[PDB]
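Here is the structure we will look at, set down as structure tokens.
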Amino acid sequence: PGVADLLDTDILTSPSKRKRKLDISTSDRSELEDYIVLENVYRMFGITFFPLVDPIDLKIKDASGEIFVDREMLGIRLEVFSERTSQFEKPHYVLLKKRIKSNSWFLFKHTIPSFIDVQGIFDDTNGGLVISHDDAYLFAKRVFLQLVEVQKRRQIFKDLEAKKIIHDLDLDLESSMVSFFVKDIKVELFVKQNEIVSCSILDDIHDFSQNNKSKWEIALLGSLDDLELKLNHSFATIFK
Amino acid sequence: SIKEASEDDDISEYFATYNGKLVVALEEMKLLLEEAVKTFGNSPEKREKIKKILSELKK
Amino acid sequence: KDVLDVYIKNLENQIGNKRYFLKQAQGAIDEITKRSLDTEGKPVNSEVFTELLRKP
Amino acid sequence: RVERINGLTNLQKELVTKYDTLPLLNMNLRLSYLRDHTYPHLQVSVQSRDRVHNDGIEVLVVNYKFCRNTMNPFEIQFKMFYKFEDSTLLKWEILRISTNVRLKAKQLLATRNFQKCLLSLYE
Amino acid sequence: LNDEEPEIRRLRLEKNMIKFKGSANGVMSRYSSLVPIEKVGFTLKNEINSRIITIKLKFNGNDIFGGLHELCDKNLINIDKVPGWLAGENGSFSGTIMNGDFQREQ
Amino acid sequence: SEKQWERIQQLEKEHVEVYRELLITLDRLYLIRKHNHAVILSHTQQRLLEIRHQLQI
């Protein structure tokens with residue numbers, strides 16, 4: 001008992017005294033809590049910048065023991081939203097490194113698929129190289145445009161299948177090649193970015209005529225959202 | 001915009017008496033400003049009106 | 001699963017408690033170093049250790 | 001030794017103990033790159049955060065104010081219903097619109113989407 | 001150059017785990033890489049004493065980047081001073097490193 | 001379910017020997033307080049105290 005006085009069992013007596021020896025205070029956690037919710041609201045836009053550091057270029061001056069970053073790194077996070085699913089897709093990351101000779105950002109690593117040429121978009125920048133953060137925003141904004149656009153043509157075709165207007169279909173990653181299967185007739189479409197440019201009807205019926213084929217293809221032409229409106233009118237003529 | 005703000009789904013009388021609403025509002029605003037000027041110089045009120053007009057010009 | 005897991009948390013629960021006890025005890029032998037003018041001392045009295053053996 | 005790094009931590013400690021390529025866990029620094037650089041002259045305020053325990057549905061309301069023009073700033077208030085369990089979300093409505101932008105903002109309501117309305121308004 | 005707690009030893013193995021594969025768990029024994037590489041040729045150029053100094057590294061094997069992983073596990077080579085190209089970046093891309101950057105060699 | 005198995009036997013390891021120097025070092029405090037000068041003691045007294053530890057274990 002004599003040693004028990006000199007030692008301090010206070011952390012055992014009160015559970016609140018046990019915590020920081022074991023570590024986040026309730027006030028700090030609550031003060032931190034609103035930050036995470038704030039960050040998620042900020043990510044609603046879809047284009048964000050996040051800090052990064054290369055583990056290999058870190059060096060120490062040894063004068064005071066501090067650590068300085070040799071080459072600065074800037075990361076771009078791209079997120080897109082889907083209407084039908086109402087969920088965020090897998091984010092795409094683009095990472096930039098700074099040259100040590102002429103302090104200009106250059107593309108280091110990117111997770112953008114091959115059919116989107118992010119390297120070509122980078123070279124379109126006026127000086128051929130990014131200097132400030134605003135200049136990088138234009139590059140990030142445009143890559144987000146195609147990512148939305150390529151995804152945009154996908155859910156609209158899937159919407160038609162969900163409505164049971166047409167039958168089963170298969171489409172590629174870019175959604176350029178779409179197999180328009182609705183009834184005994186088979187149609188193939190060459191769709192441009194967010195615009196329908198070409199369509200091709202393949203099946204031929206005995207009652208079906210070549211003159212009918214020419215005008216049906218022209219009627220099917222138009223905008224992608226207007227395809228559904230023209231879809232009911234054109235097919236109703238077949239069975240009327 | 002006008003059709004949702006009309007609440008009666010026809011705007012012919014609105015276009016008809018738009019001008020009348022204007023003139024009546026203007027000349028009652030005349031007596032309002034006359035009473036305010038008679039009461040006081042209203043430097044703060046004049047500044048507020050000028051700022052409101054500037055905001056109207058901006059948007 | 002959790003019954004083993006909750007047991008695991010009670011490993012370090014006293015361990016963290018008593019490492020603090022150990023560091024307090026280790027620090028406690030360090031005020032006694034400066035309290036004593038000389039580190040070397042005469043042999044402990046026989047009756048003193050008898051009470052130490054008495055202490056459970 | 002070993003080090004357990006929290007979200008709130010010293011910058012020098014984070015740099016010393018990092019040996020992998022990942023976003024920095026220091027969050028006060030993270031918001032600096034995101035608010036001061038990515039979206040300048042933008043103010044975001046969260047009014048409240050309340051939970052529905054029966055269904056686990058999160059209700060959130062946020063106000064956006066644009067400081068692009070100090071003489072003519074317009075504020076937009078959004079209300080959204082988080083699923084809080086999956087990546088889905090239930091509904092979204094606009095509580096109020098500033099009178100100087102209600103005409104132009106009306107056309108955005110035709111799009112009926114989250115990213116399209118927010119990104120265009122900032123642009 | 002001058003060269004134990006089993007809690008520190010497991011961190012040492014995990015540090016090499018992250019560097020060569022990118023994740024602590026790993027994505028697909030455990031030493032194999034995601035994609036094996038048969039031959040790589042790296043040329044390193046640097047400027048010392050106002051002149052160009054170059055060294056050529058040639059490799060051969062079944063999984064060169066996988067094989068380099070265990071050499072760090074055996075403490076033969078230092079994991080801290082591992083260049084990005086040697087770590088496994090640019091898999092199956094034989095190129096020349098110039099002033100800290102990797103250039104495709106054709 | 002085997003992962004936590006090998007985890008606890010080492011937890012059984014670093015819990016028992018450090019339990020022992022907590023016994024012996026704290027015994028020094030109750031020796032050293034009544035006699036500040038005397039930190040040394042004969043061999044018998046040191047391992048007669050160890051016999052007390054043996055029975056307690």
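Letters A, B, ... mark the chains of the structure tokens in the order given; residue numbers begin at 1 per chain; ligand numbers begin at 1, in order shown.
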Would you kindly report the residues of chain A within 10 Å of chain E, using only C-alpha atoms, as a list in words?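 Taking only C-alpha atoms into account, residues 54, 55, 56, 57, 99, 100, 101 and 108 of chain A sit within 10 Å of chain E.
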Closest atom pairs, chain A residues within 9 Å of chain C, only C-alpha atoms, as a Markdown table:
| residue | atom | partner | partner_atom | distance |
| --- | --- | --- | --- | --- |
| A:6 | CA | C:28 | CA | 7.9 |
| A:7 | CA | C:24 | CA | 6.6 |
| A:8 | CA | C:21 | CA | 7.9 |
| A:9 | CA | C:21 | CA | 8.1 |
| A:11 | CA | C:17 | CA | 7.8 |
| A:12 | CA | C:17 | CA | 7.6 |
| A:18 | CA | C:17 | CA | 7.7 |
| A:21 | CA | C:16 | CA | 7.3 |
| A:22 | CA | C:16 | CA | 6.1 |
Near chain D, which residues of chain B fall within 8 Å when you count only C-alpha atoms, and what do they look like as a PyMOL selection string? chain B and resi 1+55+58-59
Neighbours of segment 6-10 of chain F within 10 Å (only C-alpha atoms; same-chain residues fewer than 3 positions away dropped), as a ChimeraX atom specification? /C:4-5,7-8,11 /E:6-7 /F:2-3,13-15
Strand (DSSP E or B) residues, from DSSP on the backbone, in segment 28-89 of chain D, as an NGL selection string: :D and (42-52 or 57-66 or 75-82 or 89)
Save the residues we just selected, N, CA and C atoms, as a CSV table (one decimal), in the first residue's frame?
chain,number,residue,atom,x,y,z
D,42,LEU,N,-15.9,30.4,-53.8
D,42,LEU,CA,-17.0,29.6,-53.6
D,42,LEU,C,-17.2,29.3,-52.1
D,43,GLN,N,-18.4,29.5,-51.5
D,43,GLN,CA,-18.7,29.2,-50.1
D,43,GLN,C,-19.7,28.1,-50.0
D,44,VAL,N,-19.4,27.1,-49.2
D,44,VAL,CA,-20.3,26.0,-49.0
D,44,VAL,C,-20.5,25.9,-47.5
D,45,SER,N,-21.8,25.9,-47.1
D,45,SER,CA,-22.2,25.8,-45.7
D,45,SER,C,-23.2,24.7,-45.5
D,46,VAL,N,-22.9,23.8,-44.5
D,46,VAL,CA,-23.8,22.7,-44.2
D,46,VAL,C,-24.7,23.1,-43.0
D,47,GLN,N,-26.0,23.1,-43.1
D,47,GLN,CA,-26.9,23.6,-42.1
D,47,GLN,C,-27.0,22.6,-40.9
D,48,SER,N,-27.3,21.3,-41.3
D,48,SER,CA,-27.6,20.3,-40.2
D,48,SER,C,-27.3,18.9,-40.8
D,49,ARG,N,-27.2,18.0,-39.9
D,49,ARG,CA,-27.0,16.6,-40.3
D,49,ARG,C,-27.7,15.7,-39.3
D,50,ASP,N,-28.9,15.2,-39.7
D,50,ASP,CA,-29.7,14.4,-38.9
D,50,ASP,C,-29.9,13.0,-39.4
D,51,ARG,N,-30.1,12.0,-38.5
D,51,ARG,CA,-30.2,10.6,-38.9
D,51,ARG,C,-31.6,10.1,-38.6
D,52,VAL,N,-32.0,9.2,-39.5
D,52,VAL,CA,-33.2,8.4,-39.3
D,52,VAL,C,-32.9,7.0,-38.9
D,57,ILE,N,-31.5,6.3,-43.0
D,57,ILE,CA,-31.5,7.2,-44.1
D,57,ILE,C,-31.0,8.6,-43.6
D,58,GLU,N,-30.0,9.1,-44.3
D,58,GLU,CA,-29.4,10.4,-43.9
D,58,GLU,C,-30.0,11.5,-44.6
D,59,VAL,N,-30.4,12.6,-43.9
D,59,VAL,CA,-30.9,13.8,-44.5
D,59,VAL,C,-29.9,14.9,-44.4
D,60,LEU,N,-29.7,15.6,-45.5
D,60,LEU,CA,-28.6,16.6,-45.6
D,60,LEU,C,-29.2,17.8,-46.3
D,61,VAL,N,-28.9,19.0,-45.8
D,61,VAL,CA,-29.2,20.3,-46.5
D,61,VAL,C,-27.9,21.1,-46.5
D,62,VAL,N,-27.6,21.7,-47.7
D,62,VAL,CA,-26.4,22.5,-47.9
D,62,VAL,C,-26.7,23.7,-48.7
D,63,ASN,N,-26.1,24.8,-48.3
D,63,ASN,CA,-26.3,26.1,-49.0
D,63,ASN,C,-25.0,26.5,-49.8
D,64,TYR,N,-25.1,26.9,-51.0
D,64,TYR,CA,-24.0,27.4,-51.8
D,64,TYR,C,-24.1,28.8,-52.1
D,65,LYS,N,-23.1,29.6,-51.9
D,65,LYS,CA,-23.0,31.0,-52.2
D,65,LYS,C,-21.8,31.3,-53.0
D,66,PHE,N,-21.9,32.0,-54.1
D,66,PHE,CA,-20.9,32.3,-55.0
D,66,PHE,C,-20.3,33.7,-54.8
D,75,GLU,N,-27.4,33.0,-53.7
D,75,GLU,CA,-27.3,31.8,-52.9
D,75,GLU,C,-28.4,30.7,-53.3
D,76,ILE,N,-28.0,29.5,-53.3
D,76,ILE,CA,-28.8,28.4,-53.6
D,76,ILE,C,-28.8,27.3,-52.5
D,77,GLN,N,-29.9,26.9,-52.1
D,77,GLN,CA,-30.0,25.9,-51.0
D,77,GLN,C,-30.5,24.6,-51.5
D,78,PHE,N,-29.8,23.5,-51.3
D,78,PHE,CA,-30.1,22.2,-51.7
D,78,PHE,C,-30.4,21.3,-50.6
D,79,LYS,N,-31.4,20.4,-50.8
D,79,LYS,CA,-31.8,19.4,-49.8
D,79,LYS,C,-31.7,18.0,-50.5
D,80,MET,N,-31.0,17.1,-49.9
D,80,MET,CA,-30.8,15.8,-50.5
D,80,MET,C,-31.0,14.7,-49.4
D,81,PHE,N,-31.4,13.5,-49.8
D,81,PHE,CA,-31.7,12.4,-49.0
D,81,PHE,C,-30.7,11.3,-49.2
D,82,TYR,N,-29.7,11.1,-48.4
D,82,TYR,CA,-28.7,10.0,-48.5
D,82,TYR,C,-29.3,8.7,-48.1
D,89,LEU,N,-29.3,7.2,-53.4
D,89,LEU,CA,-29.8,8.3,-52.7
D,89,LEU,C,-31.3,8.5,-53.2
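Residues in contact with segment 22-32 of chain E at 10 Å, where only C-alpha atoms are counted and same-chain residues fewer than 3 positions away are skipped, are listed as residues 20, 21 and 22 of chain D; 13, 14, 15, 16, 17, 18, 19, 35, 36, 62, 63, 64, 65, 66, 67, 68, 69, 70 and 88 of chain E.
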Please provide as a ChimeraX atom specification all residues within 9 Å of segment 24-35 of chain F, with the sequence filter that same-chain residues fewer than 4 positions apart are discarded (counting only C-alpha atoms). /A:2-3 /C:22,25-26,28-29,32,41,44,48-49,52 /F:20,39,49-50,53
Using only C-alpha atoms, find which residues of chain A lie within 8 Å of chain D and jot them down as a list in words. residues 32, 38, 39, 44, 45, 46, 48, 49, 50, 51, 52, 53, 54, 55, 66, 67, 80, 81, 83, 85, 86, 87, 88, 133, 134 and 137 of chain A
With only C-alpha atoms as the counted atoms, please give the residues lying no more than 10 Å from residue 194 of chain A, apart from itself and same-chain residues fewer than 2 positions off, as a PyMOL selection string. chain A and resi 146+149-153+176+191-192+196-197+223-225
Do you have the atom CA of residue 56 of chain D-atom CA of residue 90 of chain A distance handy? 24.0 Å
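For chain C, the residues no farther than 6 Å from chain F when using only C-alpha atoms are residues 36, 41, 42 and 43 of chain C.
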Long-range neighbours of residue 59 of chain A as JSON, numbers by chain, 7 Å cut-off, only C-alpha atoms, 3 positions minimum in chain: {"A": [67, 68, 69, 70]}
